[PDB]
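First up is the structure itself, then whatever we jot down about it.
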Amino acid sequence: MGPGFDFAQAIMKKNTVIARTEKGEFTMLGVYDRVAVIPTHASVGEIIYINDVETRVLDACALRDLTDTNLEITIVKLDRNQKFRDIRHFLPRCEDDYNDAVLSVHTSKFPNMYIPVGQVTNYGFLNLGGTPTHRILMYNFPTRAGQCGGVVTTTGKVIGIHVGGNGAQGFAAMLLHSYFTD
């Protein structure tokens with residue numbers, strides 16, 4: 001409808017795949033080469049389905065901060081025959097608050113879904129499903145089951161991936177440029 005949705009659509013149309021694990025179907029963001037991200041609660045194993053095709057996992061790393069606290073991001077390298085568009089220059093360098101964000105989801109259950117979530121707070125600490133978690137972004141939208149892995153954007157920036165909700169608020173894990181230096 002406007003320039004926020006335009007940026008979100010440009011990322012969904014070239015930089016997402018549908019990922020299936022034994023724990024469900026997830027929006028998965030491809031960042032560069034064969035490297036993608038997914039919430040750590042997806043429990044990625046040695047094999048994953050990517051757009052309903054059996055795919056070997058070459059590497060999977062569940063990120064933690066230097067205090068050994070969960071960040072809820074897993075970085076996956078896929079044995080795929082095609083590279084993602086390199087979007088690392090759209091990643092923020094530091095922790096921050098944002099205005100006027102969009103949460104975008106693409107699964108079997110929710111195809112071509114875009115949600116204007118408004119103001120995003122640098123929330124920091126969250127007890128997420130009983131697990132202490134850091135670098136959490138919060139937005140005042142009642143997100144639901146099926147939105148995990150959803151991409152959070154502003155105009156010109158890819159800032160996080162949806163990882164949870166409490167019925168009134170939604171929560172995303174930060175994406176930082178420093179996670180994807182090669």
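We label chains A, B, ... in the order they appear in the structure tokens, count residues from 1 in each chain, and number ligands from 1 in the order shown.
Every residue of chain A with a DSSP assignment of alpha helix (DSSP H), taken from the backbone, is listed as residues 3, 4, 5, 6, 7, 8, 9, 10, 11, 12, 13, 14 and 15 of chain A.
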For segment 4-72 of chain A against segment 132-155 of chain A, with a cut-off of 6 Å and counting only C-alpha atoms, what is the closest atom pair and its distance in Å to one decimal for every residue that makes the cut, ordered by chain and number, as a tab-separated table?
residue	atom	partner	partner_atom	distance
A:4	CA	A:155	CA	5.1
A:7	CA	A:155	CA	5.7
A:26	CA	A:149	CA	5.5
A:27	CA	A:149	CA	4.7
A:28	CA	A:149	CA	5.8
A:38	CA	A:149	CA	5.6
A:39	CA	A:149	CA	5.9
A:70	CA	A:133	CA	4.9
A:71	CA	A:134	CA	5.5
Which of chain A DSSP labels strand (DSSP E), written as a ChimeraX atom specification: /A:16-21,24-32,35-39,47-50,53-64,70-78,98-105,113-128,131-139,151-154,157-165,170-174
File of the preceding selection, C-alpha atoms, as a compact mmCIF listing (two decimals), in the first residue's frame:
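Resulting contents of result_19.txt:
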# COMPACT_ATOMS: atom_id res chain seq x y z
CA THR A 16 12.43 -16.12 1.61
CA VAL A 17 11.76 -19.85 1.39
CA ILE A 18 9.26 -22.07 3.23
CA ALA A 19 11.22 -24.22 5.74
CA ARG A 20 9.68 -27.38 7.31
CA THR A 21 11.17 -29.20 10.32
CA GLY A 24 6.41 -27.09 11.89
CA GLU A 25 6.46 -24.83 8.78
CA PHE A 26 8.42 -21.53 9.15
CA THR A 27 9.12 -18.42 7.08
CA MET A 28 12.95 -18.61 6.50
CA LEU A 29 15.01 -15.54 5.48
CA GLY A 30 17.93 -16.15 3.08
CA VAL A 31 20.75 -13.60 3.81
CA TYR A 32 23.56 -14.42 1.25
CA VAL A 35 23.06 -18.99 4.37
CA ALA A 36 19.60 -18.50 5.95
CA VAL A 37 18.10 -17.88 9.43
CA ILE A 38 15.22 -19.50 11.38
CA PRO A 39 14.09 -19.38 15.06
CA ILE A 47 17.79 -32.70 6.86
CA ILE A 48 15.21 -29.89 6.32
CA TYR A 49 12.44 -29.35 3.69
CA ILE A 50 12.91 -26.11 1.61
CA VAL A 53 12.25 -30.36 -1.34
CA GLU A 54 14.47 -32.60 0.85
CA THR A 55 17.68 -30.56 1.55
CA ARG A 56 20.87 -31.49 3.49
CA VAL A 57 21.94 -29.06 6.23
CA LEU A 58 25.68 -28.37 5.77
CA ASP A 59 25.96 -26.40 9.08
CA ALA A 60 23.58 -25.10 11.79
CA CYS A 61 24.62 -22.79 14.66
CA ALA A 62 22.26 -21.68 17.48
CA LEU A 63 23.55 -18.20 18.38
CA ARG A 64 24.20 -17.11 22.01
CA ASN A 70 20.06 -17.58 24.06
CA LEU A 71 19.51 -15.18 21.10
CA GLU A 72 16.81 -17.48 19.44
CA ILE A 73 18.50 -17.22 16.00
CA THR A 74 19.85 -20.31 14.23
CA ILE A 75 22.12 -19.69 11.14
CA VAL A 76 21.71 -22.52 8.62
CA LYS A 77 23.88 -23.27 5.57
CA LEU A 78 21.73 -25.25 3.03
CA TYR A 98 12.50 1.67 15.08
CA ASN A 99 9.36 3.39 13.77
CA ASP A 100 6.73 2.02 11.34
CA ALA A 101 7.81 -1.65 10.91
CA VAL A 102 6.14 -4.42 8.81
CA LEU A 103 6.04 -8.13 9.75
CA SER A 104 5.86 -10.32 6.59
CA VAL A 105 5.02 -14.10 6.55
CA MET A 113 0.79 -11.94 4.59
CA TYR A 114 1.95 -8.41 5.58
CA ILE A 115 1.18 -6.76 9.01
CA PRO A 116 1.92 -3.08 9.82
CA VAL A 117 3.06 -3.49 13.48
CA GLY A 118 4.03 0.19 14.18
CA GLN A 119 6.68 1.21 16.72
CA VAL A 120 9.39 -1.37 17.62
CA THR A 121 11.05 -1.13 21.12
CA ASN A 122 14.55 -2.45 21.98
CA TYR A 123 13.00 -4.59 24.79
CA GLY A 124 16.21 -6.54 25.61
CA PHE A 125 15.60 -9.41 28.06
CA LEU A 126 12.61 -11.77 27.63
CA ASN A 127 11.75 -15.06 29.34
CA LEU A 128 10.69 -16.72 26.06
CA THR A 131 14.25 -19.62 28.23
CA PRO A 132 16.13 -16.38 29.18
CA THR A 133 16.66 -14.57 25.82
CA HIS A 134 18.50 -11.32 24.91
CA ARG A 135 18.31 -8.73 22.02
CA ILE A 136 14.46 -8.95 21.80
CA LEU A 137 12.47 -6.34 19.80
CA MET A 138 8.78 -5.80 20.84
CA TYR A 139 5.73 -4.55 18.87
CA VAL A 151 10.60 -11.00 8.64
CA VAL A 152 10.54 -7.60 10.42
CA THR A 153 11.54 -4.65 8.14
CA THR A 154 11.51 -0.88 7.99
CA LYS A 157 16.39 -2.23 6.83
CA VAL A 158 15.84 -5.94 7.72
CA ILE A 159 15.86 -5.75 11.54
CA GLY A 160 14.64 -9.10 12.99
CA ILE A 161 12.73 -12.42 12.75
CA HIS A 162 9.50 -13.06 14.74
CA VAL A 163 10.07 -15.62 17.61
CA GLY A 164 7.02 -15.30 19.96
CA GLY A 165 4.05 -13.46 21.46
CA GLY A 170 4.85 -9.80 19.50
CA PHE A 171 8.60 -10.36 19.89
CA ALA A 172 11.44 -10.63 17.35
CA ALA A 173 15.14 -11.61 17.62
CA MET A 174 17.48 -8.85 16.30
Interatomic distance, atom CA of residue 11 of chain A to atom CA of residue 90 of chain A (Å, one decimal): 10.1 Å
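Of note, atom CA of residue 176 of chain A and atom CA of residue 94 of chain A are spaced 6.6 Å apart.
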Straight-line distance linking atom CA of residue 177 of chain A with atom CA of residue 95 of chain A, stated in Å to one decimal: 10.6 Å
